[PDB]
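Chains as they are written, first to last, in our numbering: chain Y, 4 to 101; chain G, 631 to 727; chain C, 631 to 727; chain V, 631 to 727; chain X, 631 to 727; chain R, 4 to 101; chain D, 4 to 101; chain L, 631 to 727; chain U, 631 to 727; chain W, 4 to 101.
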Amino acid sequence: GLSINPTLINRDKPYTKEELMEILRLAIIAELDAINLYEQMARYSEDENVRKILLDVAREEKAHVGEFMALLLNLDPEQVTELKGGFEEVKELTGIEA
Amino acid sequence: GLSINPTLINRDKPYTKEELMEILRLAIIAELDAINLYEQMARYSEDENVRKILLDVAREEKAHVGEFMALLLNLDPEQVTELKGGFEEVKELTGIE
Amino acid sequence: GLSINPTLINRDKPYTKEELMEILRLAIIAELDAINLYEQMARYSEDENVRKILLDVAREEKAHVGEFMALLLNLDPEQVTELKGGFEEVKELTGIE
Amino acid sequence: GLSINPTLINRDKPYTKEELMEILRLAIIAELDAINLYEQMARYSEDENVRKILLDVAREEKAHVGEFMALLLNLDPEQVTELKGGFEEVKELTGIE
Amino acid sequence: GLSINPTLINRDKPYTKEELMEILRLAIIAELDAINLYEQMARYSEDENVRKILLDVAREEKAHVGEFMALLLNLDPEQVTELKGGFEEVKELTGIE
Amino acid sequence: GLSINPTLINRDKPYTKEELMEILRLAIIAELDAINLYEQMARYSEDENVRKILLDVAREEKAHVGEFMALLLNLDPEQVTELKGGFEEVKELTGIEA
Amino acid sequence: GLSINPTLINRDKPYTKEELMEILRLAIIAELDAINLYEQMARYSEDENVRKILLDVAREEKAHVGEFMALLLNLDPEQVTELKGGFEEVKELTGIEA
Amino acid sequence: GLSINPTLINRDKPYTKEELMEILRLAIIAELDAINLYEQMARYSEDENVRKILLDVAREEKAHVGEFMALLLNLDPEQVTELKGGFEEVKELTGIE
Amino acid sequence: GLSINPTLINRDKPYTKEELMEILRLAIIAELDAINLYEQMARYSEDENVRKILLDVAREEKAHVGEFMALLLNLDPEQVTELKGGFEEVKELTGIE
Amino acid sequence: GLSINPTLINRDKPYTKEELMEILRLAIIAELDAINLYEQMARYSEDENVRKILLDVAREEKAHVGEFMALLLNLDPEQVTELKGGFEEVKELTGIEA
Ligand SMILES: [Fe+3]
Ligand SMILES: [Fe+3]
Ligand SMILES: [Fe+3]
Ligand SMILES: [Fe+3]
Ligand SMILES: [Fe+3]
Ligand SMILES: [Fe+3]
Ligand SMILES: [Fe+3]
Ligand SMILES: [Fe+3]
Ligand SMILES: [Fe+3]
Ligand SMILES: [Fe+3]
C-alpha cells in the first residue's frame, strides 16, 4: 500500500508548503488507484449486490478526487493555468470539450 | 497500487463465489490503507484546510470499510462466527468490549 | 512481507495514540491477506489433509480479524459510527443486512 | 516504473471502453508522480540551471494532467458530476473555491 | 501481500505434489512474517491492552507454523532428515540443543 | 532481495533479544524461499546436470532451515510449545504424525 | 512510483555535484518509462482521440529526455566522450549512424 | 531486478517495431540505473582499488547508453527531433549548450 | 522473495538452453543475496552462538555460488572468456590478481 | 532499480571492509540481472542490428562480472576456498570440470 508502517515513521516536523502540494497529488493517486481497483472488481462480479456497492463506492472515490483537486488547485496556481492549457490542447487536437 | 494495469488483464471469466469473498477482503485492505495514509498526512499537515478535508475523507473511507464488511459477512458465515469469537477473546484477556 | 528487517529498525520511541490505530489497521490488513492466501491455496490443494488444515488456519485468522477490530473500534469511535453507517448504506441499496 | 516489460506483454485485443478510462487514470497517476519527483529534485538542487529545467518540466507535466483529465471527464460522466460535487464539498467545509 | 489479486488468477489445474510442498513452505513464510510484524508492533505499543493481544495473536501464529511444518515434514521426507542434520550441526558448533 | 543495500545501512547498536528472534525467522524465510526457487528450477530443467545440482543445493538449504530453527527454538520457548501444539492440532484433525 | 512519500523525506542538505548527476539520470529514467507507458497505451487504444493525445504527450516526454540529457552532458564530460564512443561502436558493428 | 524469471516467460512472438523501441528505452533505463549504482558505491568506497574499478565500469556503462541510444534514435525519428528541441529549450532557459 | 507463488505458475514446457543459463545466473543472485543477508545479520548479533551459525551458513552459501558458477561456465563459454578478460583488466588497473 | 534515489541518501561515512564485500556482491547481482535482461531482449529481437548490439553489450557485462569477482575474491578469502569446493562438488556429482 501507500501508507507507511509506523515502525518506520520518525518524522517530527510538519509538511512544508511544497510537501503539502505533494501529499495532495499523492492523495489523488491513491483515489485514482482505488477507482481502478473497484471498477475492475465490478467488471468480474456477477453478484449484482457486490457490483452495485463496488460501483457506488467508486463513485464516492471520484468525489474524493474532486476534493483533493480543489485543495491542490488552490495551493498550486501553476496547475490552474496548465490545467486550462491542457484542456485547450485537447480541444484543438480532437474537438473534445467540457 | 493494488489495481492492475489493463495491459496485463487477460481474465474473461467472472469471479467465483470464493473469489468474490477474496476481492471484498482486498477492498477492505485498500480502504484500511487509505485511512492510514490520510490519517498520516493529516498528522503532518498544519494547513487546517488540508487537514480538515483529509480527516473528512478518512471518515468516509471508514464507512466504505463497513460497506465491504457488510457484504463479506453476508457471504462468509464463518467470518460472522469468528468475528464474535475474536470479540469475546479480547474481552476475556483485556475486558475491552 | 509486511514486517521490517531489524537492520532497518532505528525507532526508539513508542507509538502515539494515532499510530496505535494505524498498526491495528495494518494488523487487520495482514490477517485479511493471510485469509486470501490460505483460501487460494485450499482451492488448488487436492490433498484433503492439506486443504483441511489450510481452511482451519484460515478460520483462526478470521478470529484474529475480530480481535484486532475490537481493539480498533475501542480506540476509534469514528470507525464505530461509520461502520454502522456503512452497514445501513448496504441495506438501503441492496437489502443485505 | 509503470510501463510493462514487453517480454511480459501478451495482450492482442484493444482496450474496452472501461479499460480506456482506467489507463487514463493511470496516465494521470504517472504524471502526478513525475510532478512530485521533479518538484522534490528541484528542492535540493543548488544548481540554478538544473532547478529551472526541473520546474519547467514539472510545469509541462501539469499540462499533461489537464490533457488526460479532459479525456477522462469526456469518457467518465460520473467523474464530471463527482468532481463538481467534490469542489462544492471543499467550498462548504473550508470556503476554498 | 502474498495473496494474489483474483483478477490475475487464471490457473485452473490443481497443485502437483511438488507444488503442494512449495505452498506449505510459503504458508510458513507468511506465518513467520506475521510473527515478526506483531512482535515489532508489541515492542512500540505502550497500550498494555493492544500489546497483550498482539503477543497472544503472535503466539497463535507460532502454532500455525507447527501445523504447516507438520504437513510439510509428512510430505517432504528429505526435510525430516535434513532438519535432524541441521540440529546436529548446531550442536557440534555451539553446544545448543 | 532480502539483504540491505549498504548505502542505506545506518544502524550501529546490536540486535536486542527480540530482534535476534526476528532475524532468525527472517533467515528461515530466506531459506524456504531458496528451496522453493531451486525446486521450481529443477522441475523445468531437462538438463540432468543442472537438475542434479539444484536438487542437491536445495537439500543443503533444508539443513540450513534446521540450523536456524535450532537457534530460534532455543531463544523462543513459546515457539517450542506452540510447535508441539501445532503438531497435535494436525494429528487431531487428520491423524498425521510428523 | 519514483517520487518519495513526503512522510519519509528527512533530508536537509542540498544535492552534491555527484548527486545532481544521479538525479538527472533518474529524471531520464522517469521520462523513458513514461514514453514506454504511453506508447503501450496508444497501441491498444481504439479510441483515435485518446490515441492522438497519448502520442502527443509521448512526443513531449521525448523532448524532456533531451532537456535532462543536455544538463547531464554539461555536468558529465565523461558521458560526452562515452556517448560518442558508444555511437562509434554501433557504427562499426552494424553500420547504423546518425 | 528488471530481467524476468524464466519460470514466468510464456511469450513466443518476436518484438514488434514498437516493442523494439520500448526495450531499447528499457535497456537505457538499466544502464542509467547501473551508472547511479556504481557511482554511489564508488563515493563510499575508501578502498582505492575498488573505487578505481567501479568508476571504470561505470564509464563503460556510459558507453552502453550511447550504443542503445544510437539504435533508438535510428528507429525513433521523433526522438531525434525532440532531442534537439530539448537541447534548444535548455539553451533558451539556462544558456547551457 | 525470488520464488514464484505456484498459483501463478502456468508453464508446462522445459527451459530452453538460453533459459537454463538465465536461471543459473538467477540462482547465483539468490546465493549472493543470502550471503549479504547473513553477513549483515552476523554483524549486529552479539549472541556469539547466533553469529557462529550465520557465518557458517554463509560459508556454505559461498560454496553454492561455486556450484552454480561451474554449471554456468560449462553452459556459457562466453562467460569463461570474459571472466578471464575481467580478471586481466583488474590486474592491469590495480595489480590485484 | 538497484540504485538509491539521492533524496533518500543520508549516509556520510565510508563502507567498512564487510560492507565493501557486500557492495561487490550487489554489483555482481546487478551485472547478472543485466545479462539476463539483454539475453532475453535479444531472444525476441528479429532486428539483427539490435540483436547484435544486445549480445555485444551482454558480452561486456560478463567481463564486468569478472572484474567485480576478482575484487571480491581478493577481499573474501573464504569465497576463494568455497568457490574451489563448489567446483569440486560439481565435478564429483556430474563430471563437469570448470
Ligand atoms: Fe477515497
Ligand atoms: Fe474508500
Ligand atoms: Fe493471524
Ligand atoms: Fe508528462
Ligand atoms: Fe497464522
Ligand atoms: Fe541456505
Ligand atoms: Fe516528461
Ligand atoms: Fe551496461
Ligand atoms: Fe545456498
Ligand atoms: Fe556492467
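Cβ atoms here follow ideal geometry from the backbone N, Cα and C, with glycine treated the same way.
Inset, instruction - Examine the Cβ distances between the stretch 637-650 of chain U and the stretch 648-664 of chain L and report whether three or more of them are shorter than 8 angstroms. - result: no
Inset, instruction - Within its chain, find whatever has a CB closer than 8 angstroms to the CB of residue 647 (chain V); leave out the 5 residues flanking it on each side and keep chain order. - result: If you number the fourth sequence from 1, residue 647 (chain V) lands on position 17. If the five residues before and after residue 647 (chain V) are omitted, its C-beta is found closer than 8 angstroms to the C-beta atoms of 705, all from its own chain and listed in chain order.
Legend entry - Neighbourhood of ligand 3 [Cβ distance below 5 angstroms to any heavy atom], ordered by chain position: C:661, C:691, C:694
Inset, instruction - Determine the contact status of residue 48 (chain Y) and residue 650 (chain G), defining contact as a CB-CB distance below 8 angstroms. - result: Residue mapping note: residue 48 (chain Y) aligns to position 45 of the first sequence, counting from 1. Residue mapping note: residue 650 (chain G) aligns to position 20 of the second sequence, counting from 1. Contact flag set, yes.
Inset, instruction - Verify the CB distance criterion: does residue 668 (chain C) have a CB-CB separation below 8 angstroms to chain Y? - result: Position 38 of the third sequence, counted from the first residue, corresponds to residue 668 (chain C). Answer no: the Cβ-Cβ gap between residue 668 (chain C) and chain Y never drops below 8 angstroms.
Inset, instruction - Answer yes or no: does any C-beta atom of chain Y fall closer than 8 angstroms to that of residue 699 (chain V)? - result: If you number the fourth sequence from 1, residue 699 (chain V) lands on position 69. Chain Y contact via Cβ: present.
Legend entry - Coarse secondary structure for residue 681 (chain U), derived from DSSP in three states: Here residue 681 (chain U) is taken as the residue at index 51 of the ninth sequence, counted from 1. Three-state DSSP puts residue 681 (chain U) in a helix.
Legend entry - residue 687 (chain U) beta carbon near ligand 2 (any heavy atom closer than 7 angstroms): For the purposes of this step, residue 687 (chain U) is identified with residue 57 of the ninth sequence, where counting begins at 1. Incorrect: residue 687 (chain U) has no Cβ contact closer than 7 angstroms to ligand 2.
Legend entry - Proximal residues to residue 654 (chain L) (C-beta, below 6 angstroms), its chain only, five neighbours per side dropped: Reading the eighth sequence from its first residue, position 24 is the one you call residue 654 (chain L). Excluding residues within five positions, the ones whose Cβ falls inside 6 angstroms are 698, 701, 702.
Inset, instruction - For residue 725 (chain C), count neighbouring Cβ atoms within 10 angstroms of its own Cβ and tell me buried if that reaches 16, exposed if not. - result: Stepping through the third sequence from its first residue, residue 725 (chain C) is reached at position 95. So residue 725 (chain C) counts as exposed.
Inset, instruction - Kindly indicate which three-state DSSP category residue 724 (chain V) falls into: helix, strand or coil? - result: The residue labelled residue 724 (chain V) in the question sits at position 94 within the fourth sequence. Note: residue 724 (chain V) maps to helix in three-state DSSP.
Legend entry - residue 63 (chain W) versus W:92, W:5, W:39, residue with shortest Cα-Cα distance: As a first step, residue 63 (chain W) must be located in the tenth sequence, where it is residue number 60. Ranking the options by Cα distance to residue 63 (chain W), first place goes to W:39.
Legend entry - Candidates V:709, V:671, V:723, V:669: closest to residue 42 (chain Y) by CA position: For the purposes of this step, residue 42 (chain Y) is taken as the residue at position 39 of the first sequence. When only C-alpha atoms are compared, the closest one is V:709.
Legend entry - Proximal residues, the stretch 654-684 of chain L versus chain U, C-beta separation under 8 angstroms: 679, 682, 683
Legend entry - Identity of the residue in U:712, U:694, U:720, U:715 nearest residue 86 (chain W) by Cα: Mapped onto the tenth sequence, residue 86 (chain W) falls at position 83. It is U:694.
Inset, instruction - Quick one: grab the DSSP three-state call for residue 177 (chain R). - result: Because chain R is modelled from 4 through 101, residue 177 (chain R) falls outside the range shown and cannot be assessed.
Inset, instruction - Give me the Cα-Cα distance between residue 680 (chain V) and residue 56 (chain Y), rounded to the nearest whole angstrom. - result: In the fourth sequence, residue 680 (chain V) corresponds to position 50, counting from 1. In the first sequence, residue 56 (chain Y) corresponds to position 53, counting from 1. Those two C-alpha atoms are separated by around 48 angstroms.
Inset, instruction - Kindly list, in the order they appear in chain C, the residues whose Cβ is closer than 7 angstroms to that of residue 9 (chain Y). - result: The residue labelled residue 9 (chain Y) in the question sits at position 6 within the first sequence. Result: 645, 649, 652, 653.
Inset, instruction - Consider the Cβ of residue 710 (chain U): report whether some Cβ of chain R lies at a distance smaller than 8 angstroms. - result: Taking the ninth sequence and counting its residues from 1, the one referred to as residue 710 (chain U) is at position 80. Output row for residue 710 (chain U): interface = no.
Legend entry - Length of the line joining the Cα atoms of residue 633 (chain G) and residue 635 (chain X): Here residue 633 (chain G) refers to the residue found at position 3 of the second sequence. Here residue 635 (chain X) refers to the residue found at position 5 of the fifth sequence. So the two alpha carbons sit approximately 9 angstroms from each other.
Legend entry - Cross-chain neighbours of residue 723 (chain V) in chain G, by beta carbon under 7 angstroms: Here residue 723 (chain V) refers to the residue found at position 93 when the fourth sequence is read from its first residue. Neighbours of residue 723 (chain V) across chain G, judged by C-beta separation under 7 angstroms: 682, 683, 686.
Inset, instruction - Select from U:715, U:687, U:678, U:664 the residue whose C-alpha is nearest the C-alpha of residue 17 (chain R). - result: Within the sixth sequence, residue 17 (chain R) is the residue found at index 14, counting from 1. Looking at the Cα atoms, U:678 is the closest of the given residues.
Inset, instruction - State yes or no: is the beta carbon of residue 69 (chain R) nearer than 8 angstroms to at least one beta carbon in chain U? - result: The residue given as residue 69 (chain R) occupies position 66 in the sixth sequence. With 8 angstroms as the cut-off, residue 69 (chain R) does not count as an interface residue toward chain U.
Inset, instruction - List the residues of chain G that residue 14 (chain Y) touches, going by C-beta distances under 7 angstroms, in chain order. - result: Your numbering for residue 14 (chain Y) matches position 11 in the first sequence. In chain order, 674 make up the part of chain G whose C-beta sits under 7 angstroms from the C-beta of residue 14 (chain Y).
Legend entry - Beta-carbon proximity of residue 685 (chain V) to residue 686 (chain G), cut-off 8 angstroms: Your numbering for residue 685 (chain V) matches position 55 in the fourth sequence. Your numbering for residue 686 (chain G) matches position 56 in the second sequence. No, they are not a contact pair.
Inset, instruction - Give a yes or no on whether the minimum CB-CB distance between residue 632 (chain V) and chain D is below 8 angstroms. - result: Residue numbering aside, residue 632 (chain V) sits at position 2 when the fourth sequence is read from its first letter. With respect to chain D, the C-beta atom of residue 632 (chain V) has a partner C-beta closer than 8 angstroms.
Legend entry - Opening and closing residue of the alpha helix (DSSP H) in which residue 28 (chain Y) lies: Indexing the first sequence from 1 puts residue 28 (chain Y) at position 25. 20-47 is the extent of the alpha helix (DSSP H) around residue 28 (chain Y).
Inset, instruction - Can you have a look at residue 727 (chain L) and say buried or exposed, based on whether 16 or more other CB atoms are within 10 angstroms of its CB? - result: Locating residue 727 (chain L) in the eighth sequence gives position 97, where the first residue counts as 1. An exposed status is given to residue 727 (chain L), since fewer than 16 other beta-carbon atoms sit within 10 Å of its beta-carbon.
Legend entry - Beta-carbon proximity list for residue 37 (chain W), same chain, < 6 angstroms, skipping 5 on both sides: Taking the first residue of the tenth sequence as position 1, residue 37 (chain W) is located at position 34. 64.
Inset, instruction - Consider the C-beta atom of residue 45 (chain R) and the heavy atoms of ligand 6; say whether any pair is separated by less than 7 angstroms. - result: Counting from 1 along the sixth sequence, the entry for residue 45 (chain R) is found at position 42. No; taking the cut-off as 7 angstroms, the Cβ of residue 45 (chain R) has no heavy atom of ligand 6 nearer than that.
Legend entry - CB-CB length for residue 717 (chain U) against residue 89 (chain W), believed under 8 angstroms: For this step, residue 717 (chain U) is matched to residue 87 along the ninth sequence. For this step, residue 89 (chain W) is matched to residue 86 along the tenth sequence. Actually they are not in contact, since the Cβ atoms of residue 717 (chain U) and residue 89 (chain W) sit about 18 angstroms apart, beyond 8 angstroms.
Inset, instruction - Could you have a look at residue 638 (chain V) and say whether DSSP puts it in helix, strand or coil? - result: As a working mapping, residue 638 (chain V) is identified with position 8 in the fourth sequence. Of the three classes helix, strand and coil, the one that applies to residue 638 (chain V) here is helix, per DSSP.
Legend entry - Contacts around residue 94 (chain W), its chain only, beta-carbon distance under 6 angstroms, and the 5 residues preceding and following it disregarded: Locating residue 94 (chain W) in the tenth sequence gives position 91, where the first residue counts as 1. Here the set comprises 100.
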